[PDB]
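Reading through the C-alpha cells given below for one structure.
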Amino acid sequence: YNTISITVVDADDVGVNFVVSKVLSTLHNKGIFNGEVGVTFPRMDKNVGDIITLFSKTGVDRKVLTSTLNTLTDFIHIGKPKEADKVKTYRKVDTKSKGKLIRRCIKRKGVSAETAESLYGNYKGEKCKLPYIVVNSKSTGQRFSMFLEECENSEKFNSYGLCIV
RNA sequence: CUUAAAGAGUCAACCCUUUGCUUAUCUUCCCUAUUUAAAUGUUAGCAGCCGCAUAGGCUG
C-alpha cells in the first residue's frame, strides 16, 4: 500500500505537535479522509511526532495535498509517494470522566439527578497516559484531546484518518 | 578484708499594722531602587447514540 510523507519543519516559534494538530484539523474540513485515507506516525515515543504519512489505497498525489495544506506551507515539507507493505494504523479511544456518564444516565434510564450520582459516585475517573492530539471540532464548538493507540489493522477508515472497529 | 562493726529526733506555732513619687521638656536634618525577561510541558484529556453495563464501539 503506497504512502506519501508530510514533514513538519522544526520551528522554535510554534509547537511541533501544534502544527500537526492544525494539519490534522485542515485535513478534516477539506475532505481528504473520505473512507480510505489513513494516517500513521513512525515516531510514537512520548508525543505524536513530526512526520505525517498518509497511506490511501488508491494513492495520494502530491498536487492535491500541497493545496490542501496551503495554510501550513510556512513550516511544512511534503515528500514523494513511496510504497510500504504494512503500516501501523491506529484507532481512537475516548476518556470518560463523571459528567460524561451522569447526563447520559438520566436521559436513557430515567433516573433522578441524585440517583444517577449515587450509582457513579465510586466509579469513573479515566485518565489515559498515552499519546494524544489536540484536534478540536467544528460541528460541536469546543476543543478536546484525542487519544490514539496501536492495534490491528482495519479495512475502513473514518474522517480522522483512523480505523473503524 | 573500707575510723570497718551499729543506732527513729521527734514535737507546736497569727507576722501584722499604716502610707502621695512627684514635678519638667523641640528627635531633627538629607536621600535615583534598578533593570530584564516566551508560560511552558504539545495542555484538557471534551460534547452524544449504539447498547443492560460506570464492558466494548461510533461521531467531530
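Labels for the C-alpha cells follow display order: chains A, B, ..., residues from 1 in each chain, ligands from 1.
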
Contact residues around residue 6 (chain A) with only C-alpha atoms (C1' of nucleotides) at 8 Å, ignoring same-chain residues under 4 positions, as a PDB file with N, CA, C and O atoms, in the first residue's frame:
ATOM      1  N   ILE A  51       6.627  13.773  11.617  1.00  0.00           N
ATOM      2  CA  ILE A  51       6.438  13.323  10.242  1.00  0.00           C
ATOM      3  C   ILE A  51       5.070  12.666  10.106  1.00  0.00           C
ATOM      4  O   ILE A  51       4.688  11.810  10.915  1.00  0.00           O
ATOM      5  N   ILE A  52       4.324  13.075   9.082  1.00  0.00           N
ATOM      6  CA  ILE A  52       2.983  12.566   8.815  1.00  0.00           C
ATOM      7  C   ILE A  52       3.023  11.727   7.548  1.00  0.00           C
ATOM      8  O   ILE A  52       3.622  12.112   6.538  1.00  0.00           O
ATOM      9  N   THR A  53       2.378  10.564   7.605  1.00  0.00           N
ATOM     10  CA  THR A  53       2.362   9.628   6.485  1.00  0.00           C
ATOM     11  C   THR A  53       0.922   9.219   6.203  1.00  0.00           C
ATOM     12  O   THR A  53       0.206   8.787   7.112  1.00  0.00           O
ATOM     13  N   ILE A  76       6.112  23.390   6.658  1.00  0.00           N
ATOM     14  CA  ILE A  76       5.788  22.027   6.251  1.00  0.00           C
ATOM     15  C   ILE A  76       6.752  21.593   5.152  1.00  0.00           C
ATOM     16  O   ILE A  76       7.397  22.418   4.498  1.00  0.00           O
ATOM     17  N   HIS A  77       6.869  20.278   4.981  1.00  0.00           N
ATOM     18  CA  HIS A  77       7.660  19.679   3.913  1.00  0.00           C
ATOM     19  C   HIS A  77       6.908  18.460   3.401  1.00  0.00           C
ATOM     20  O   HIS A  77       6.638  17.529   4.167  1.00  0.00           O
ATOM     21  N   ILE A  78       6.574  18.464   2.115  1.00  0.00           N
ATOM     22  CA  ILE A  78       5.782  17.405   1.505  1.00  0.00           C
ATOM     23  C   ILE A  78       6.713  16.525   0.685  1.00  0.00           C
ATOM     24  O   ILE A  78       7.380  17.004  -0.240  1.00  0.00           O
ATOM     25  N   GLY A  79       6.761  15.238   1.024  1.00  0.00           N
ATOM     26  CA  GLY A  79       7.613  14.300   0.326  1.00  0.00           C
ATOM     27  C   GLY A  79       6.937  13.674  -0.879  1.00  0.00           C
ATOM     28  O   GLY A  79       5.801  13.985  -1.240  1.00  0.00           O
TER      29      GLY A  79
END

Quick one: contact table of chain A to chain B, 9 Å max, nearest atom pair and distance in Å to one decimal per residue, counting only C-alpha atoms (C1' of nucleotides), chain and number order, as CSV?
residue,atom,partner,partner_atom,distance
A:15,CA,B:42,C1',6.5
A:16,CA,B:42,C1',7.4
A:17,CA,B:42,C1',5.4
A:18,CA,B:42,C1',6.3
A:47,CA,B:42,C1',7.5
A:48,CA,B:42,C1',8.8
A:94,CA,B:45,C1',8.8
A:95,CA,B:45,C1',7.0
A:98,CA,B:54,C1',8.8
A:100,CA,B:47,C1',8.6
A:101,CA,B:54,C1',7.4
A:104,CA,B:48,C1',8.1
A:119,CA,B:54,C1',7.9
A:120,CA,B:54,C1',6.0
A:123,CA,B:54,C1',6.2
A:124,CA,B:54,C1',6.2
A:127,CA,B:45,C1',6.9
A:128,CA,B:45,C1',7.4
A:132,CA,B:45,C1',8.0
A:133,CA,B:42,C1',8.0
A:134,CA,B:42,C1',8.2
A:136,CA,B:60,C1',7.8
A:137,CA,B:60,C1',5.1
A:138,CA,B:60,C1',6.5
A:139,CA,B:60,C1',5.7
A:140,CA,B:47,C1',6.4
A:141,CA,B:47,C1',8.1
A:142,CA,B:46,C1',7.1
A:143,CA,B:46,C1',6.7
A:144,CA,B:46,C1',4.8
A:145,CA,B:45,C1',5.2
A:146,CA,B:45,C1',7.5
A:147,CA,B:45,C1',8.2
A:159,CA,B:60,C1',8.8
A:160,CA,B:60,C1',8.9
A:164,CA,B:58,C1',8.2
A:165,CA,B:57,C1',6.7

Write out, as a short mmCIF file (atom, residue, chain, number, x, y, z; two decimals), in the first residue's frame, the residues just selected, with N, CA and C atoms.
data_model
loop_
_atom_site.label_atom_id
_atom_site.label_comp_id
_atom_site.auth_asym_id
_atom_site.auth_seq_id
_atom_site.Cartn_x
_atom_site.Cartn_y
_atom_site.Cartn_z
N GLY A 15 4.46 25.17 18.10
CA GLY A 15 4.69 23.82 18.58
C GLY A 15 4.74 22.83 17.44
N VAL A 16 5.60 21.82 17.58
CA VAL A 16 5.74 20.80 16.55
C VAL A 16 4.49 19.93 16.47
N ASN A 17 3.94 19.56 17.63
CA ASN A 17 2.67 18.84 17.66
C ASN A 17 1.50 19.78 17.40
N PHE A 18 1.67 21.08 17.67
CA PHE A 18 0.60 22.05 17.43
C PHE A 18 0.38 22.29 15.94
N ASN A 47 5.26 11.69 22.36
CA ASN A 47 4.35 12.61 21.69
C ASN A 47 3.87 11.98 20.39
N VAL A 48 3.11 12.75 19.61
CA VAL A 48 2.65 12.28 18.31
C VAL A 48 3.82 12.19 17.32
N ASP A 94 -11.61 7.08 23.70
CA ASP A 94 -12.11 8.22 24.45
C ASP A 94 -11.92 8.01 25.94
N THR A 95 -11.93 9.11 26.69
CA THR A 95 -11.86 9.09 28.14
C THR A 95 -13.19 9.53 28.73
N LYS A 98 -16.93 11.22 34.74
CA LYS A 98 -18.04 11.63 35.59
C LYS A 98 -19.25 12.14 34.81
N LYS A 100 -19.72 13.04 31.87
CA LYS A 100 -19.96 12.41 30.57
C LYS A 100 -21.02 11.32 30.69
N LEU A 101 -21.01 10.59 31.80
CA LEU A 101 -21.94 9.49 32.02
C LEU A 101 -23.13 9.87 32.89
N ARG A 104 -25.89 11.21 30.60
CA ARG A 104 -26.36 10.13 29.74
C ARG A 104 -27.36 9.24 30.48
N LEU A 119 -25.09 6.00 41.76
CA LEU A 119 -24.57 4.79 41.13
C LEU A 119 -23.15 4.99 40.62
N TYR A 120 -22.78 6.21 40.24
CA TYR A 120 -21.47 6.50 39.68
C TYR A 120 -20.59 7.29 40.63
N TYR A 123 -17.07 5.30 41.08
CA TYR A 123 -16.51 4.77 39.84
C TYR A 123 -15.96 5.92 39.01
N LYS A 124 -15.55 5.59 37.78
CA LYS A 124 -15.06 6.51 36.75
C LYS A 124 -13.80 7.27 37.16
N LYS A 127 -8.19 8.37 32.98
CA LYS A 127 -7.13 9.29 32.55
C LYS A 127 -6.10 8.48 31.77
N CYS A 128 -6.12 8.62 30.45
CA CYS A 128 -5.16 7.92 29.61
C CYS A 128 -3.79 8.58 29.70
N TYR A 132 -1.50 11.69 22.87
CA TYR A 132 -2.76 12.33 22.48
C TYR A 132 -2.55 13.45 21.48
N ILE A 133 -3.63 14.00 20.96
CA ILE A 133 -3.52 15.07 19.98
C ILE A 133 -4.67 16.02 20.19
N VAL A 134 -4.37 17.30 20.20
CA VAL A 134 -5.41 18.28 20.43
C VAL A 134 -5.98 18.75 19.12
N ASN A 136 -9.47 19.96 17.44
CA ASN A 136 -10.68 20.49 18.04
C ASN A 136 -11.85 19.95 17.27
N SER A 137 -12.91 20.74 17.18
CA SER A 137 -14.06 20.30 16.40
C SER A 137 -14.84 21.50 15.86
N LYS A 138 -15.49 21.30 14.72
CA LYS A 138 -16.29 22.33 14.09
C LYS A 138 -17.79 22.09 14.19
N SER A 139 -18.23 20.83 14.28
CA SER A 139 -19.65 20.56 14.46
C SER A 139 -20.11 20.94 15.86
N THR A 140 -19.35 20.54 16.88
CA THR A 140 -19.59 20.95 18.25
C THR A 140 -18.48 21.91 18.67
N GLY A 141 -18.88 23.08 19.17
CA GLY A 141 -17.94 24.16 19.39
C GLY A 141 -17.11 24.09 20.65
N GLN A 142 -16.20 23.12 20.73
CA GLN A 142 -15.24 23.04 21.82
C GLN A 142 -13.99 22.33 21.32
N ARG A 143 -12.89 22.54 22.03
CA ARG A 143 -11.63 21.85 21.77
C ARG A 143 -11.47 20.69 22.74
N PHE A 144 -10.72 19.68 22.31
CA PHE A 144 -10.56 18.47 23.11
C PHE A 144 -9.28 17.76 22.70
N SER A 145 -8.92 16.75 23.49
CA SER A 145 -7.73 15.94 23.24
C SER A 145 -8.17 14.54 22.82
N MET A 146 -7.63 14.06 21.70
CA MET A 146 -7.98 12.76 21.14
C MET A 146 -6.81 11.80 21.32
N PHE A 147 -7.09 10.61 21.84
CA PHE A 147 -6.06 9.63 22.14
C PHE A 147 -6.02 8.54 21.08
N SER A 159 -13.30 9.84 9.30
CA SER A 159 -12.93 11.15 8.78
C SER A 159 -11.74 11.77 9.51
N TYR A 160 -11.11 11.04 10.42
CA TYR A 160 -9.90 11.49 11.09
C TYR A 160 -8.66 10.73 10.67
N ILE A 164 -11.75 2.03 11.88
CA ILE A 164 -13.08 1.85 12.44
C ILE A 164 -13.24 0.38 12.81
N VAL A 165 -13.61 0.12 14.07
CA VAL A 165 -13.88 -1.21 14.63
C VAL A 165 -12.69 -2.15 14.48
#

- prompt: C1' of residue 55 (chain B) to CA of residue 105 (chain A): how many Å, to one decimal?
  reply: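 Taking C1' of residue 55 (chain B) and CA of residue 105 (chain A), their separation equals 16.0 Å.
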
- prompt: So what do you get for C1' of residue 50 (chain B) versus CA of residue 135 (chain A), distance-wise?
  reply: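 According to the coordinates, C1' of residue 50 (chain B) and CA of residue 135 (chain A) are separated by 23.9 Å.
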
task: Would you please give, as a PyMOL selection string, all residues of region 27-147 of chain A that DSSP assigns to strand (DSSP E or B) based on the backbone?
output: chain A and resi 39-40+51-54+76-83+90-93+132-133+146-147

Give me a file of those residues, with N, CA and C atoms, as a short mmCIF file (atom, residue, chain, number, x, y, z; two decimals), in the first residue's frame.
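Saved file part_10.cif follows:
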data_model
loop_
_atom_site.label_atom_id
_atom_site.label_comp_id
_atom_site.auth_asym_id
_atom_site.auth_seq_id
_atom_site.Cartn_x
_atom_site.Cartn_y
_atom_site.Cartn_z
N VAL A 39 -3.82 7.75 8.57
CA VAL A 39 -2.60 8.41 8.99
C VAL A 39 -1.88 7.58 10.05
N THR A 40 -0.58 7.36 9.83
CA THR A 40 0.26 6.73 10.83
C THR A 40 1.48 7.60 11.08
N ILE A 51 6.63 13.77 11.62
CA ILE A 51 6.44 13.32 10.24
C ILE A 51 5.07 12.67 10.11
N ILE A 52 4.32 13.07 9.08
CA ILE A 52 2.98 12.57 8.81
C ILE A 52 3.02 11.73 7.55
N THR A 53 2.38 10.56 7.60
CA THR A 53 2.36 9.63 6.49
C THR A 53 0.92 9.22 6.20
N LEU A 54 0.51 9.35 4.95
CA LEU A 54 -0.85 9.04 4.52
C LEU A 54 -0.82 7.85 3.57
N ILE A 76 6.11 23.39 6.66
CA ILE A 76 5.79 22.03 6.25
C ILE A 76 6.75 21.59 5.15
N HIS A 77 6.87 20.28 4.98
CA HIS A 77 7.66 19.68 3.91
C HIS A 77 6.91 18.46 3.40
N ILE A 78 6.57 18.46 2.12
CA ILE A 78 5.78 17.40 1.51
C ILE A 78 6.71 16.52 0.68
N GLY A 79 6.76 15.24 1.02
CA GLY A 79 7.61 14.30 0.33
C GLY A 79 6.94 13.67 -0.88
N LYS A 80 7.68 12.76 -1.52
CA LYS A 80 7.32 11.95 -2.67
C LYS A 80 6.50 10.74 -2.24
N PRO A 81 5.66 10.18 -3.12
CA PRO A 81 4.94 8.95 -2.75
C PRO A 81 5.80 7.70 -2.83
N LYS A 82 6.06 7.07 -1.69
CA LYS A 82 6.76 5.79 -1.62
C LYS A 82 5.75 4.66 -1.47
N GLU A 83 6.26 3.46 -1.20
CA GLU A 83 5.43 2.28 -1.01
C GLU A 83 5.81 1.59 0.30
N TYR A 90 -3.69 3.33 13.61
CA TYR A 90 -4.13 3.45 14.99
C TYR A 90 -5.64 3.61 15.03
N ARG A 91 -6.18 3.73 16.24
CA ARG A 91 -7.61 3.87 16.46
C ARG A 91 -7.87 4.86 17.58
N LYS A 92 -9.10 5.37 17.62
CA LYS A 92 -9.50 6.42 18.55
C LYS A 92 -10.07 5.80 19.82
N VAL A 93 -9.59 6.25 20.97
CA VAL A 93 -10.09 5.83 22.27
C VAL A 93 -10.43 7.09 23.07
N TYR A 132 -1.50 11.69 22.87
CA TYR A 132 -2.76 12.33 22.48
C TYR A 132 -2.55 13.45 21.48
N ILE A 133 -3.63 14.00 20.96
CA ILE A 133 -3.52 15.07 19.98
C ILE A 133 -4.67 16.02 20.19
N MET A 146 -7.63 14.06 21.70
CA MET A 146 -7.98 12.76 21.14
C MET A 146 -6.81 11.80 21.32
N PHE A 147 -7.09 10.61 21.84
CA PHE A 147 -6.06 9.63 22.14
C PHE A 147 -6.02 8.54 21.08
#

Between CA of residue 21 (chain A) and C1' of residue 41 (chain B), distance in Å (one decimal): 16.5 Å

task: Find the spatial neighbours of residue 115 (chain A), counting only C-alpha atoms (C1' of nucleotides), within a cut-off of 10 Å - ignore same-chain residues fewer than 6 positions away - and output them as number ranges by chain.
output: A: 102, 105-106, 121

Convert the current residue selection to file output with N, CA, C and O atoms, as a compact mmCIF listing (two decimals), in the first residue's frame.
# COMPACT_ATOMS: atom_id res chain seq x y z
N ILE A 102 -23.05 10.97 33.64
CA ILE A 102 -24.15 11.37 34.52
C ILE A 102 -25.34 11.85 33.70
O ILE A 102 -26.48 11.43 33.92
N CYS A 105 -27.09 8.96 31.76
CA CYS A 105 -27.90 8.01 32.52
C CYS A 105 -29.29 8.54 32.84
O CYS A 105 -30.25 7.76 32.89
N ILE A 106 -29.43 9.85 33.06
CA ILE A 106 -30.76 10.41 33.33
C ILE A 106 -31.61 10.48 32.06
O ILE A 106 -32.84 10.53 32.15
N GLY A 121 -20.91 7.31 41.93
CA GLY A 121 -20.10 8.06 42.88
C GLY A 121 -18.73 7.44 43.11
O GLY A 121 -17.72 8.14 43.19

field: All helix (DSSP H, G or I) residues (DSSP, backbone) inside region 105-146 of chain A, as a list in words
entry: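 Secondary structure check on region 105-146 of chain A, helix (DSSP H, G or I): residues 105, 106, 107, 108, 113, 114, 115, 116, 117, 118 and 119 of chain A.
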
task: Give the answer as one residue: which of A:118, A:7, A:29, A:70 has the shortest atom-to-atom distance to residue 43 (chain A), using only C-alpha atoms?
output: A:7

message: List as an NGL selection string the protein and nucleic acid residues near residue 44 (chain A), meaning an atom at most 10 Å away when only C-alpha atoms (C1' of nucleotides) are counted, but skip any in the same chain fewer than 4 places from it.
response: :A and (40 or 48-49 or 130-131 or 149-150)

Just-selected residues, N, CA and C atoms written as a compact mmCIF listing (two decimals), in the first residue's frame:
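The file below, again.txt, is the result:
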# COMPACT_ATOMS: atom_id res chain seq x y z
N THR A 40 -0.58 7.36 9.83
CA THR A 40 0.26 6.73 10.83
C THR A 40 1.48 7.60 11.08
N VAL A 48 3.11 12.75 19.61
CA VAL A 48 2.65 12.28 18.31
C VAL A 48 3.82 12.19 17.32
N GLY A 49 4.65 13.22 17.25
CA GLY A 49 5.80 13.24 16.37
C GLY A 49 5.77 14.46 15.46
N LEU A 130 -1.42 7.92 27.57
CA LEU A 130 -0.87 7.60 26.25
C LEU A 130 -0.84 8.79 25.31
N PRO A 131 0.00 8.75 24.27
CA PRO A 131 0.00 9.84 23.30
C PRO A 131 -1.37 10.37 22.87
N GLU A 149 -3.96 4.81 19.90
CA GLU A 149 -3.15 3.69 20.36
C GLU A 149 -2.97 2.68 19.24
N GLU A 150 -1.90 1.90 19.33
CA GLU A 150 -1.54 0.97 18.27
C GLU A 150 -2.24 -0.37 18.47

query: Restricting the calculation to only C-alpha atoms, which member of A:88, A:107, A:22, A:62 is positioned closest to residue 38 (chain A)?
result: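 Result for the nearest residue to residue 38 (chain A): A:88.
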